[PDB]
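Peer 1: Sharing entry-v3.txt below, compact mmCIF, C-alpha atoms:
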# COMPACT_ATOMS: atom_id res chain seq x y z
CA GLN N 1 33.07 12.20 -57.32
CA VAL N 2 32.12 12.60 -53.65
CA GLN N 3 28.50 12.37 -52.51
CA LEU N 4 26.99 13.00 -49.09
CA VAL N 5 23.82 11.60 -47.52
CA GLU N 6 22.40 13.02 -44.28
CA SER N 7 19.43 12.48 -41.97
CA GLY N 8 18.34 12.77 -38.35
CA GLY N 9 16.62 16.16 -38.22
CA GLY N 10 13.06 17.44 -38.54
CA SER N 11 10.59 19.07 -36.16
CA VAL N 12 11.55 19.40 -32.49
CA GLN N 13 10.59 21.66 -29.60
CA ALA N 14 12.80 24.16 -27.83
CA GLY N 15 13.97 21.89 -25.05
CA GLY N 16 13.89 18.75 -27.20
CA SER N 17 16.87 16.87 -28.59
CA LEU N 18 18.13 15.73 -31.98
CA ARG N 19 20.89 13.49 -33.34
CA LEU N 20 21.94 14.76 -36.76
CA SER N 21 24.07 12.55 -38.97
CA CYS N 22 25.58 12.22 -42.43
CA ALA N 23 27.35 9.39 -44.25
CA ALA N 24 29.95 9.83 -46.98
CA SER N 25 30.30 7.84 -50.21
CA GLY N 26 32.81 7.97 -53.05
CA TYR N 27 36.31 9.20 -52.25
CA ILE N 28 36.36 9.00 -48.46
CA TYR N 29 40.13 9.42 -48.01
CA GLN N 30 40.71 12.65 -49.94
CA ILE N 31 38.39 14.67 -47.67
CA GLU N 32 40.45 16.82 -45.28
CA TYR N 33 38.03 19.23 -43.59
CA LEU N 34 34.54 18.33 -42.38
CA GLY N 35 31.83 20.45 -40.82
CA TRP N 36 28.14 21.33 -40.75
CA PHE N 37 26.45 24.23 -42.54
CA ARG N 38 22.96 25.42 -41.61
CA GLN N 39 20.76 27.77 -43.63
CA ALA N 40 18.02 29.94 -42.17
CA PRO N 41 14.96 30.44 -44.41
CA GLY N 42 16.05 32.97 -47.02
CA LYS N 43 19.25 33.77 -45.10
CA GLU N 44 22.88 33.01 -45.83
CA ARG N 45 24.28 29.63 -44.81
CA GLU N 46 26.27 29.40 -41.59
CA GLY N 47 29.24 27.14 -40.90
CA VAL N 48 28.16 25.18 -37.85
CA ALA N 49 31.22 23.05 -37.08
CA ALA N 50 34.69 22.09 -38.31
CA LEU N 51 37.04 19.17 -37.74
CA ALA N 52 40.52 18.13 -38.85
CA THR N 53 40.57 14.72 -40.52
CA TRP N 54 43.53 13.20 -38.65
CA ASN N 55 44.98 16.18 -36.80
CA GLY N 56 41.66 15.79 -34.99
CA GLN N 57 41.09 19.40 -33.95
CA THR N 58 37.39 20.25 -33.63
CA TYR N 59 35.76 23.61 -34.30
CA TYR N 60 32.26 25.00 -33.87
CA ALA N 61 30.24 28.15 -34.46
CA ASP N 62 29.60 30.44 -31.50
CA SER N 63 25.82 30.32 -31.97
CA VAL N 64 25.87 26.53 -31.48
CA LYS N 65 28.88 26.26 -29.16
CA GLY N 66 28.20 24.27 -26.00
CA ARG N 67 24.93 22.97 -27.49
CA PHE N 68 25.91 21.29 -30.76
CA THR N 69 28.44 18.44 -30.67
CA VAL N 70 30.08 17.00 -33.78
CA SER N 71 30.58 13.25 -34.12
CA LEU N 72 32.48 11.22 -36.70
CA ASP N 73 32.52 7.44 -37.19
CA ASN N 74 35.68 6.51 -39.08
CA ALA N 75 34.54 2.88 -39.21
CA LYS N 76 31.43 3.67 -41.26
CA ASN N 77 32.63 6.95 -42.86
CA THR N 78 29.91 8.87 -41.06
CA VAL N 79 29.62 12.35 -39.58
CA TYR N 80 27.06 12.96 -36.85
CA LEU N 81 25.88 16.01 -34.93
CA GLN N 82 24.42 15.49 -31.45
CA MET N 83 22.59 18.44 -29.87
CA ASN N 84 20.16 18.93 -26.98
CA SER N 85 18.21 21.76 -25.33
CA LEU N 86 17.67 23.29 -28.76
CA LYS N 87 16.30 26.77 -29.46
CA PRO N 88 14.04 28.16 -32.21
CA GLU N 89 17.16 29.81 -33.61
CA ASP N 90 18.29 26.30 -34.63
CA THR N 91 15.47 26.01 -37.18
CA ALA N 92 17.47 25.99 -40.41
CA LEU N 93 18.50 23.89 -43.41
CA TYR N 94 21.61 21.84 -42.62
CA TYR N 95 23.92 20.53 -45.36
CA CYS N 96 26.66 17.95 -45.07
CA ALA N 97 29.97 19.68 -45.75
CA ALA N 98 33.28 18.17 -46.85
CA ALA N 99 36.51 19.81 -47.99
CA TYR N 100 39.63 18.24 -49.48
CA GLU N 101 43.20 19.20 -48.60
CA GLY N 102 44.83 22.61 -48.81
CA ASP N 103 41.90 24.56 -47.37
CA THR N 104 41.59 25.90 -43.82
CA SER N 105 37.99 27.11 -43.90
CA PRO N 106 36.41 26.20 -40.54
CA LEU N 107 32.93 27.62 -41.07
CA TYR N 108 33.17 29.20 -44.55
CA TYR N 109 31.42 27.61 -47.55
CA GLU N 110 33.78 29.48 -49.82
CA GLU N 111 36.07 26.54 -50.58
CA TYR N 112 34.13 23.41 -49.61
CA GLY N 113 33.59 21.42 -52.78
CA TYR N 114 30.89 18.91 -51.85
CA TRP N 115 27.46 19.34 -50.27
CA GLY N 116 24.72 16.95 -49.21
CA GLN N 117 21.01 16.90 -49.94
CA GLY N 118 19.98 19.09 -47.00
CA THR N 119 17.86 18.19 -43.97
CA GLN N 120 15.32 20.64 -42.58
CA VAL N 121 15.59 21.12 -38.82
CA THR N 122 12.56 22.67 -37.11
CA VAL N 123 12.70 23.92 -33.52
CA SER N 124 9.56 25.66 -32.28
CA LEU K 558 60.55 26.91 -35.33
CA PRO K 559 63.28 24.24 -35.66
CA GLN K 560 66.77 25.67 -35.98
CA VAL K 561 67.58 23.25 -38.81
CA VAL K 562 64.86 24.87 -40.93
CA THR K 563 66.41 28.27 -40.24
CA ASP K 564 69.80 26.91 -41.33
CA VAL K 565 68.58 25.28 -44.54
CA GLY K 566 66.58 28.39 -45.46
CA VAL K 567 69.81 29.85 -46.89
CA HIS K 568 68.65 28.52 -50.27
CA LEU K 569 64.91 28.05 -49.63
CA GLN K 570 62.68 30.14 -51.88
CA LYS K 571 59.19 29.16 -50.68
CA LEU K 572 58.17 28.07 -47.18
CA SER K 573 54.72 27.14 -45.85
CA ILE K 574 53.93 26.24 -42.23
CA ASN K 575 50.64 25.02 -40.74
CA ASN K 576 50.10 24.88 -36.97
CA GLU K 577 46.30 24.23 -36.97
CA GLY K 578 45.70 26.01 -33.68
CA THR K 579 49.22 26.19 -32.24
CA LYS K 580 50.65 29.63 -31.50
CA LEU K 581 53.98 30.03 -33.30
CA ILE K 582 56.85 31.99 -31.76
CA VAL K 583 59.31 33.16 -34.40
CA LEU K 584 61.69 34.59 -31.74
CA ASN K 585 63.63 36.17 -34.62
CA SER K 586 64.45 32.98 -36.53
CA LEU K 587 63.86 34.33 -40.05
CA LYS K 588 66.91 36.56 -40.68
CA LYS K 589 68.99 33.64 -41.97
CA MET K 590 66.65 32.41 -44.74
CA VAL K 591 67.48 35.45 -46.84
CA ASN K 592 66.91 33.55 -50.09
CA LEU K 593 63.19 33.12 -49.35
CA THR K 594 60.86 34.72 -51.89
CA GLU K 595 57.50 33.41 -50.60
CA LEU K 596 56.49 33.14 -46.94
CA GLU K 597 53.28 31.34 -45.97
CA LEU K 598 52.11 31.30 -42.34
CA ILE K 599 48.65 29.70 -42.21
CA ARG K 600 46.89 28.88 -38.92
CA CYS K 601 50.06 29.80 -37.05
CA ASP K 602 48.17 32.26 -34.78
CA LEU K 603 50.63 35.13 -34.67
CA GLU K 604 48.29 37.99 -33.66
CA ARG K 605 51.22 40.13 -34.83
CA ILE K 606 53.35 40.30 -37.99
CA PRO K 607 56.96 39.47 -37.05
CA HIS K 608 59.66 42.08 -37.51
Turn this file's structure into structure tokens for me.
Peer 2:
Amino acid sequence: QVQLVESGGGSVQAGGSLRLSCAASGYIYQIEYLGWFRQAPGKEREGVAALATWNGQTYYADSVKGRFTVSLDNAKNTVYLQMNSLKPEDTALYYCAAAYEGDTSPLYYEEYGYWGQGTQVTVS
Amino acid sequence: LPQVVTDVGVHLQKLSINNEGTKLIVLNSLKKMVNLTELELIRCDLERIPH
């Protein structure tokens, strides 16, 4: 069906910068809601961001607001995440998140139906 | 809410509205769609159930 491939994370310092990204393959049109989900080690996953496909309204989690910035490249069917001045609280497992139509889950993994491989982000 | 929707609601049975961040003001425009049996107000940002 729909597959997601992400990269751009890893080990950074508090006060470093990262440019997260994810590209989409398969059915690129049917995806309505897009966002990022991070997972702390052993803790429940957290909806990082949210974006309307064509209505274009962007959403973010409070813990990353003002620090994490979503980015989407319609030309290449790519979703990015650009963040700077990171904190050790950003060390988590981030999964590419895509949701088809009918759902209005900004940061809730309840109804998203496709997830990526998962990129470990380390901020010391 | 458009007045034309309120008018045509005389036979409507199910209505769903999505505002995706826009606050919706009913201003008492629902007492003419008396045939409605299902009302869906998603992302309409009411902060209060209308009377």
Peer 1: Applying 12 Å and all atoms listed in the file, which residues near residue 605 of chain K remain after dropping the ones on its own chain fewer than 4 positions away? List them as a CSV table (one decimal) with C-alpha atoms, keeping the file's coordinate frame.
Peer 2:
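around_9.csv written:
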chain,number,residue,atom,x,y,z
K,580,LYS,CA,50.6,29.6,-31.5
K,581,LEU,CA,54.0,30.0,-33.3
K,582,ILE,CA,56.8,32.0,-31.8
K,583,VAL,CA,59.3,33.2,-34.4
K,598,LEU,CA,52.1,31.3,-42.3
K,601,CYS,CA,50.1,29.8,-37.0
Peer 1: Tell me, as a PDB file with C-alpha atoms, in the frame of the given file, which residues lie within 9 Å of residue 106 of chain N, counting all atoms listed in the file; anything in the same chain fewer than 6 positions away does not count.
Peer 2:
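Now in part07.pdb:
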ATOM      1  CA  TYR N  33      38.030  19.230 -43.590  1.00  0.00           C
ATOM      2  CA  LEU N  34      34.540  18.330 -42.380  1.00  0.00           C
ATOM      3  CA  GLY N  35      31.830  20.450 -40.820  1.00  0.00           C
ATOM      4  CA  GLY N  47      29.240  27.140 -40.900  1.00  0.00           C
ATOM      5  CA  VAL N  48      28.160  25.180 -37.850  1.00  0.00           C
ATOM      6  CA  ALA N  49      31.220  23.050 -37.080  1.00  0.00           C
ATOM      7  CA  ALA N  50      34.690  22.090 -38.310  1.00  0.00           C
ATOM      8  CA  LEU N  51      37.040  19.170 -37.740  1.00  0.00           C
ATOM      9  CA  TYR N  59      35.760  23.610 -34.300  1.00  0.00           C
ATOM     10  CA  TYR N  60      32.260  25.000 -33.870  1.00  0.00           C
ATOM     11  CA  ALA N  61      30.240  28.150 -34.460  1.00  0.00           C
TER      12      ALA N  61
END
Peer 1: I'd like the neighbourhood of segment 561-566 of chain K as a PDB file with C-alpha atoms, in the coordinates of the input, where a residue qualifies if any of its atoms comes within 8 Å (using all atoms listed in the file), though same-chain residues fewer than 2 positions away should be ignored.
Peer 2:
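Written file, selection08.pdb:
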ATOM      1  CA  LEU K 558      60.550  26.910 -35.330  1.00  0.00           C
ATOM      2  CA  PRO K 559      63.280  24.240 -35.660  1.00  0.00           C
ATOM      3  CA  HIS K 568      68.650  28.520 -50.270  1.00  0.00           C
ATOM      4  CA  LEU K 569      64.910  28.050 -49.630  1.00  0.00           C
ATOM      5  CA  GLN K 570      62.680  30.140 -51.880  1.00  0.00           C
ATOM      6  CA  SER K 586      64.450  32.980 -36.530  1.00  0.00           C
ATOM      7  CA  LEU K 587      63.860  34.330 -40.050  1.00  0.00           C
ATOM      8  CA  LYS K 589      68.990  33.640 -41.970  1.00  0.00           C
ATOM      9  CA  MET K 590      66.650  32.410 -44.740  1.00  0.00           C
ATOM     10  CA  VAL K 591      67.480  35.450 -46.840  1.00  0.00           C
ATOM     11  CA  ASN K 592      66.910  33.550 -50.090  1.00  0.00           C
ATOM     12  CA  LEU K 593      63.190  33.120 -49.350  1.00  0.00           C
TER      13      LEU K 593
END
Peer 1: Closest to residue 91 of chain N among N:120, N:7, N:54, N:30, using all atoms listed in the file?
Peer 2: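 Among the listed residues, N:120 lies closest to residue 91 of chain N.
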Peer 1: Within 9 Å of chain N, which residues of chain K show up when using only C-alpha atoms, listed as a ChimeraX atom specification?
Peer 2: /K:577-578,599-600
Peer 1: Can you work out which one of N:11, N:39, N:53, N:85 has the shortest atom-to-atom distance to residue 73 of chain N, counting all atoms listed in the file?
Peer 2: N:53
Peer 1: Would you kindly return, as a PyMOL selection string, each protein, DNA or RNA residue with an atom no farther than 8 Å from any atom of residue 571 of chain K, considering all atoms listed in the file and excluding same-chain residues fewer than 4 positions away?
Peer 2: chain K and resi 593-597
Peer 1: Could you name the residues that touch residue 44 of chain N at 12 Å or less, counting all atoms listed in the file, but leaving out those on the same chain fewer than 5 positions away, as an MDAnalysis selection string?
Peer 2: chainID N and resid 37:39 92:94 108:109
Peer 1: Report, in Å with one decimal, the straight-line distance from atom CA of residue 9 of chain N to atom CA of residue 21 of chain N.
Peer 2: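 Answer for the atom CA of residue 9 of chain N to atom CA of residue 21 of chain N separation: 8.3 Å.
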Peer 1: Suppose you want the space between atom CA of residue 4 of chain N and atom CA of residue 576 of chain K; what is it in Å?
Peer 2: 28.7 Å
Peer 1: Which residue gives the smallest distance to residue 116 of chain N among N:90, N:15, N:8, N:22, with all atoms listed in the file counted?
Peer 2: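 Residue with the minimum atom-to-atom distance to residue 116 of chain N: N:22.
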Peer 1: Report the distance between atom CA of residue 100 of chain N and atom CA of residue 10 of chain N in Å, rounded to one decimal place.
Peer 2: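 Calculated distance between atom CA of residue 100 of chain N and atom CA of residue 10 of chain N is 28.7 Å.
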